[PDB]
file final_7.cif (mmCIF, C-alpha atoms)
data_protein
loop_
_atom_site.label_atom_id
_atom_site.label_comp_id
_atom_site.auth_asym_id
_atom_site.auth_seq_id
_atom_site.Cartn_x
_atom_site.Cartn_y
_atom_site.Cartn_z
CA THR A 1 232.64 6.21 37.44
CA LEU A 2 233.71 9.25 39.50
CA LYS A 3 236.14 9.34 42.43
CA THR A 4 236.53 12.60 44.38
CA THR A 5 238.94 14.20 46.81
CA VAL A 6 238.06 17.35 48.75
CA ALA A 7 240.64 19.93 49.79
CA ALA A 8 239.91 22.28 52.67
CA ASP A 9 242.44 25.11 52.73
CA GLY A 10 244.72 22.83 50.68
CA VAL A 11 244.38 19.87 53.09
CA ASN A 12 243.14 16.76 51.23
CA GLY A 13 240.64 14.20 52.41
CA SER A 14 241.51 10.49 51.91
CA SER A 15 239.46 7.30 52.04
CA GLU A 16 240.59 6.71 55.61
CA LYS A 17 240.64 10.26 57.04
CA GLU A 18 238.48 13.34 56.51
CA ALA A 19 240.22 16.65 55.69
CA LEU A 20 240.66 18.42 59.01
CA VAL A 21 240.35 22.16 59.47
CA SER A 22 241.71 23.40 62.78
CA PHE A 23 239.63 25.57 65.02
CA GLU A 24 241.90 28.58 64.37
CA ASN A 25 242.04 27.96 60.59
CA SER A 26 238.24 28.15 60.43
CA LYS A 27 238.09 31.81 61.43
CA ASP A 28 238.01 33.47 58.01
CA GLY A 29 236.02 30.63 56.40
CA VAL A 30 237.40 27.60 54.57
CA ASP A 31 238.38 27.44 50.87
CA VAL A 32 236.80 24.24 49.59
CA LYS A 33 237.89 22.65 46.32
CA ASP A 34 237.21 19.20 44.90
CA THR A 35 239.20 17.04 42.50
CA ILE A 36 237.17 14.64 40.30
CA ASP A 37 238.82 11.61 38.73
CA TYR A 38 236.57 10.24 35.99
CA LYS A 39 236.59 7.17 33.78
CA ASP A 40 234.22 5.56 31.30
CA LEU A 41 232.90 8.83 29.97
CA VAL A 42 232.79 9.66 26.27
CA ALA A 43 235.93 11.28 24.92
CA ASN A 44 235.65 14.90 23.81
CA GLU A 45 232.09 15.24 25.04
CA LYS A 46 230.89 18.10 27.28
CA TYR A 47 229.27 17.48 30.68
CA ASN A 48 227.43 19.68 33.13
CA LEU A 49 229.27 19.11 36.45
CA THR A 50 227.28 20.00 39.56
CA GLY A 51 229.06 19.90 42.90
CA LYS A 52 227.29 20.27 46.20
CA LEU A 53 228.73 20.85 49.66
CA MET A 54 226.42 19.14 52.17
CA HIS A 55 226.32 19.61 55.95
CA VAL A 56 226.15 16.12 57.45
CA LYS A 57 224.11 16.00 60.66
CA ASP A 58 224.58 13.44 63.43
CA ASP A 59 221.20 11.94 62.49
CA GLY A 60 222.55 11.30 58.98
CA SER A 61 220.43 14.03 57.41
CA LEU A 62 221.94 16.51 54.97
CA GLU A 63 221.53 20.20 54.34
CA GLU A 64 222.99 21.89 51.30
CA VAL A 65 225.53 24.61 52.08
CA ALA A 66 226.73 25.42 48.56
CA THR A 67 226.20 24.32 44.96
CA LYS A 68 228.20 25.05 41.82
CA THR A 69 227.72 24.00 38.22
CA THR A 70 230.35 24.37 35.47
CA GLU A 71 230.73 22.92 31.96
CA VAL A 72 233.58 20.44 31.70
CA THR A 73 234.78 18.20 28.86
CA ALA A 74 236.03 14.64 28.98
CA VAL A 75 239.45 14.19 27.39
CA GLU A 76 241.17 11.14 25.75
CA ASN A 77 239.50 7.77 26.25
CA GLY A 78 236.86 9.40 28.44
CA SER A 79 239.13 9.39 31.49
CA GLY A 80 240.96 12.17 33.28
CA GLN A 81 240.64 14.76 36.05
CA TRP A 82 238.50 17.83 36.67
CA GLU A 83 238.49 20.42 39.44
CA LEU A 84 235.59 22.31 41.01
CA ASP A 85 236.27 25.29 43.32
CA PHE A 86 233.54 26.31 45.76
CA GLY A 87 235.65 29.26 46.94
CA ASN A 88 235.56 30.57 50.48
CA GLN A 89 232.87 28.97 52.63
CA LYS A 90 231.89 30.17 56.05
CA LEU A 91 231.58 26.75 57.76
CA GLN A 92 230.53 25.94 61.36
CA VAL A 93 233.08 24.91 63.96
CA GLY A 94 232.46 21.35 65.07
CA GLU A 95 230.59 20.32 61.92
CA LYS A 96 231.13 17.83 59.15
CA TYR A 97 230.63 18.51 55.43
CA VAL A 98 230.77 16.27 52.35
CA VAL A 99 231.10 16.97 48.64
CA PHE A 100 228.71 15.40 46.14
CA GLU A 101 229.39 15.45 42.34
CA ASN A 102 227.06 14.78 39.42
CA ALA A 103 228.21 14.81 35.78
CA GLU A 104 225.51 14.83 33.12
CA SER A 105 226.39 14.84 29.41
CA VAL A 106 225.21 17.80 27.35
CA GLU A 107 224.32 15.54 24.39
CA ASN A 108 222.27 12.35 24.31
CA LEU A 109 224.80 9.51 24.49
CA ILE A 110 222.61 6.50 25.49
CA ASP A 111 219.49 4.77 24.09
CA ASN A 112 213.21 4.09 19.48
CA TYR A 113 216.06 4.05 17.00
CA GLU A 114 218.08 7.01 18.32
CA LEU A 115 220.09 8.12 21.32
CA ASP A 116 217.56 9.64 23.71
CA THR A 117 219.26 9.87 27.13
CA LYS A 118 222.15 11.82 28.67
CA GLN A 119 224.96 9.86 30.37
CA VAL A 120 224.81 10.60 34.14
CA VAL A 121 227.68 9.55 36.36
CA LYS A 122 227.68 10.62 39.97
CA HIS A 123 229.39 10.25 43.33
CA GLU A 124 227.05 11.27 46.11
CA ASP A 125 228.23 9.29 49.14
CA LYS A 126 227.89 10.91 52.54
CA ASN A 127 230.15 8.21 54.01
CA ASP A 128 233.12 8.80 51.67
CA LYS A 129 235.88 10.28 53.86
CA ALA A 130 237.86 11.37 50.81
CA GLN A 131 235.04 13.83 50.05
CA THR A 132 234.59 14.90 53.67
CA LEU A 133 235.96 17.70 55.84
CA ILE A 134 235.53 18.31 59.57
CA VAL A 135 236.00 21.71 61.26
CA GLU A 136 237.67 20.88 64.54
CA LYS A 137 236.38 22.08 67.95
CA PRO A 138 238.64 24.16 70.24
#

call {"tool": "encode", "arguments": {"input": "final_7.cif", "output": "C-alpha coordinates"}}
result
Amino acid sequence: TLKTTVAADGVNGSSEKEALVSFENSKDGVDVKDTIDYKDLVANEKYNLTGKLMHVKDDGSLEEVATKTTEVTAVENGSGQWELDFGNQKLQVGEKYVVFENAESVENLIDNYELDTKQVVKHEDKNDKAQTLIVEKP
(Lines of atoms letter the chains of each structure in order from A and count residues from 1; the text may use other names and numbers.)
(Lines give C-alpha, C1' and ligand atoms only; values in the text may rest on other atoms or scores of the structure.)
Protein backbone atom coordinates (compact mmCIF):
# COMPACT_ATOMS: atom_id res chain seq x y z
CA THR A 1 0.00 0.00 0.00
CA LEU A 2 0.96 3.70 -0.13
CA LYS A 3 0.55 6.32 2.61
CA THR A 4 1.32 9.96 1.78
CA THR A 5 2.02 13.21 3.58
CA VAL A 6 2.01 16.56 1.78
CA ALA A 7 4.22 19.47 2.82
CA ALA A 8 3.28 23.00 1.82
CA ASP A 9 6.20 25.35 2.41
CA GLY A 10 7.53 22.73 4.86
CA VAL A 11 4.23 22.48 6.80
CA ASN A 12 3.01 18.85 6.88
CA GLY A 13 -0.52 17.59 6.52
CA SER A 14 -1.73 14.92 9.00
CA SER A 15 -4.69 12.54 9.04
CA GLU A 16 -6.59 14.94 11.26
CA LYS A 17 -5.54 18.35 9.86
CA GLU A 18 -4.76 19.63 6.37
CA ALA A 19 -1.48 21.52 5.83
CA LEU A 20 -2.35 25.19 6.20
CA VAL A 21 -0.78 27.95 4.14
CA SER A 22 -1.41 31.42 5.53
CA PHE A 23 -2.81 34.13 3.34
CA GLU A 24 0.50 36.04 3.44
CA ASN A 25 2.60 32.90 2.81
CA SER A 26 0.66 32.26 -0.39
CA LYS A 27 1.93 35.39 -2.14
CA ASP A 28 4.92 33.98 -4.02
CA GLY A 29 3.27 30.58 -4.61
CA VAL A 30 3.56 27.48 -2.44
CA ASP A 31 6.33 24.84 -2.59
CA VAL A 32 4.51 21.52 -2.57
CA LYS A 33 6.31 18.27 -1.78
CA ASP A 34 4.94 14.83 -0.94
CA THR A 35 6.40 11.99 1.11
CA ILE A 36 5.33 8.44 0.10
CA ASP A 37 5.59 5.58 2.57
CA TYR A 38 5.30 2.29 0.69
CA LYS A 39 5.03 -1.36 1.67
CA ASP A 40 4.37 -4.63 -0.10
CA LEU A 41 6.23 -3.66 -3.23
CA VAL A 42 8.93 -5.83 -4.79
CA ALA A 43 12.41 -5.21 -3.47
CA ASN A 44 14.90 -3.66 -5.88
CA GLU A 45 12.31 -3.16 -8.59
CA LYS A 46 11.79 0.17 -10.42
CA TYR A 47 8.41 1.96 -10.45
CA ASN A 48 7.05 4.88 -12.40
CA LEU A 49 5.70 7.24 -9.68
CA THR A 50 3.11 9.76 -10.87
CA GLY A 51 1.98 12.44 -8.45
CA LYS A 52 -0.88 14.78 -9.15
CA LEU A 53 -1.91 17.93 -7.32
CA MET A 54 -5.71 18.23 -7.60
CA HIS A 55 -7.87 21.28 -6.86
CA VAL A 56 -10.80 20.03 -4.77
CA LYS A 57 -14.01 21.94 -5.46
CA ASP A 58 -16.86 22.35 -2.98
CA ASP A 59 -18.99 20.09 -5.19
CA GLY A 60 -16.39 17.34 -4.75
CA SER A 61 -15.12 17.64 -8.32
CA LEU A 62 -11.40 17.76 -9.07
CA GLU A 63 -9.25 19.68 -11.49
CA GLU A 64 -5.61 18.83 -12.04
CA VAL A 65 -3.20 21.64 -11.18
CA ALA A 66 0.12 19.81 -11.61
CA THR A 67 1.47 16.37 -12.48
CA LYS A 68 4.95 14.91 -12.12
CA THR A 69 6.36 11.51 -12.96
CA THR A 70 9.77 10.19 -11.80
CA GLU A 71 11.38 6.74 -11.73
CA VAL A 72 11.81 5.40 -8.22
CA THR A 73 13.05 2.06 -6.89
CA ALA A 74 11.75 0.00 -3.99
CA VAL A 75 14.43 -0.87 -1.44
CA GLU A 76 14.78 -3.79 1.06
CA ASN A 77 11.69 -5.95 1.60
CA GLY A 78 9.72 -3.72 -0.76
CA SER A 79 9.09 -1.12 1.94
CA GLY A 80 10.51 2.35 2.48
CA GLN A 81 9.99 6.03 1.65
CA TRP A 82 10.07 8.14 -1.50
CA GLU A 83 9.74 11.88 -2.07
CA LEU A 84 8.14 13.78 -4.95
CA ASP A 85 8.70 17.55 -5.30
CA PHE A 86 6.18 19.54 -7.35
CA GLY A 87 8.23 22.71 -6.84
CA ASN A 88 6.67 26.14 -6.61
CA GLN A 89 2.95 26.19 -7.35
CA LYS A 90 0.92 29.31 -7.80
CA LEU A 91 -2.17 28.24 -5.80
CA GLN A 92 -5.45 30.14 -5.22
CA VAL A 93 -6.20 31.80 -1.90
CA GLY A 94 -9.17 30.14 -0.24
CA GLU A 95 -8.81 26.84 -2.10
CA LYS A 96 -8.12 23.26 -1.15
CA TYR A 97 -5.71 20.92 -2.95
CA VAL A 98 -4.92 17.21 -2.54
CA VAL A 99 -2.04 15.03 -3.68
CA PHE A 100 -2.68 11.75 -5.49
CA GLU A 101 0.11 9.14 -6.04
CA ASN A 102 0.26 6.16 -8.39
CA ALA A 103 3.20 3.73 -8.50
CA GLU A 104 3.34 1.34 -11.43
CA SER A 105 6.16 -1.21 -11.77
CA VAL A 106 8.38 -0.96 -14.84
CA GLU A 107 8.50 -4.77 -15.21
CA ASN A 108 5.69 -7.29 -15.23
CA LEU A 109 5.46 -8.61 -11.67
CA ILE A 110 1.97 -10.24 -11.60
CA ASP A 111 0.15 -12.95 -13.61
CA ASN A 112 -0.88 -17.84 -19.63
CA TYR A 113 2.26 -19.19 -18.00
CA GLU A 114 4.17 -15.92 -17.54
CA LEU A 115 4.03 -12.65 -15.65
CA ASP A 116 1.93 -10.33 -17.81
CA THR A 117 0.88 -7.40 -15.59
CA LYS A 118 2.60 -4.48 -13.84
CA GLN A 119 2.06 -4.06 -10.07
CA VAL A 120 0.03 -0.84 -9.52
CA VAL A 121 -0.31 0.57 -6.04
CA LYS A 122 -1.99 3.91 -5.58
CA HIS A 123 -3.33 6.40 -3.07
CA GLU A 124 -5.83 8.71 -4.71
CA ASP A 125 -8.13 9.81 -1.88
CA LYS A 126 -9.56 13.30 -2.05
CA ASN A 127 -10.66 12.98 1.60
CA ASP A 128 -7.22 12.18 3.04
CA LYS A 129 -6.23 15.22 5.11
CA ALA A 130 -2.62 14.07 5.30
CA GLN A 131 -2.40 14.65 1.53
CA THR A 132 -4.34 17.92 1.62
CA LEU A 133 -3.40 21.60 1.89
CA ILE A 134 -5.65 24.65 2.27
CA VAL A 135 -4.60 28.21 1.36
CA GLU A 136 -6.15 30.34 4.06
CA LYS A 137 -8.36 33.40 3.35
CA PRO A 138 -7.39 36.84 4.74

call {"tool": "resolve_selection", "arguments": {"input": "final_7.cif", "expression": "the PyMOL selection byres ((chain A and resi 36) around 12)", "output": "ChimeraX atom specification"}}
result
/A:1-7,33-35,37-39,49-51,72,74,79-85,99-103,121-123,130-131

call {"tool": "resolve_selection", "arguments": {"input": "final_7.cif", "expression": "the PyMOL selection byres ((chain A and resi 54-67) around 8)", "output": "JSON, numbers by chain"}}
result
{"A": [50, 51, 52, 53, 68, 69, 86, 95, 96, 97, 98, 99, 100, 126]}

call {"tool": "atom_distance", "arguments": {"input": "final_7.cif", "atom1": "atom CA of residue A:11", "atom2": "atom CA of residue A:124"}}
result
20.6 Å

call {"tool": "residues_around", "arguments": {"input": "final_7.cif", "residues": "stretch 104-107 of chain A", "least_positions_apart": "3", "cutoff": "10 Å", "atoms": "all atoms listed in the file", "output": "VMD selection string"}}
result
chain A and resid 41 to 42 45 to 50 71 to 74 110 115 to 122

call {"tool": "resolve_selection", "arguments": {"input": "final_7.cif", "expression": "the PyMOL selection byres ((chain A and resi 9) around 8)", "output": "list in words"}}
result
residues 7, 8, 10, 11, 21, 30, 31 and 32 of chain A

call {"tool": "atom_distance", "arguments": {"input": "final_7.cif", "atom1": "atom CA of residue A:90", "atom2": "atom CA of residue A:129"}}
result
20.4 Å

call {"tool": "residues_around", "arguments": {"input": "final_7.cif", "residues": "residue A:27", "least_positions_apart": "6", "cutoff": "12 Å", "atoms": "all atoms listed in the file", "output": "PyMOL selection string"}}
result
chain A and resi 9+21+88-93+135-138

call {"tool": "atom_distance", "arguments": {"input": "final_7.cif", "atom1": "atom CA of residue A:125", "atom2": "atom CA of residue A:22"}}
result
23.8 Å

call {"tool": "axis_aligned_box", "arguments": {"input": "final_7.cif", "around": "stretch 5-17 of chain A", "padding_each_side": "8 Å", "output": "lines of an AutoDock Vina configuration file"}}
result
center_x = 241.4
center_y = 15.9
center_z = 51.9
size_x = 22.7
size_y = 34.4
size_z = 26.2
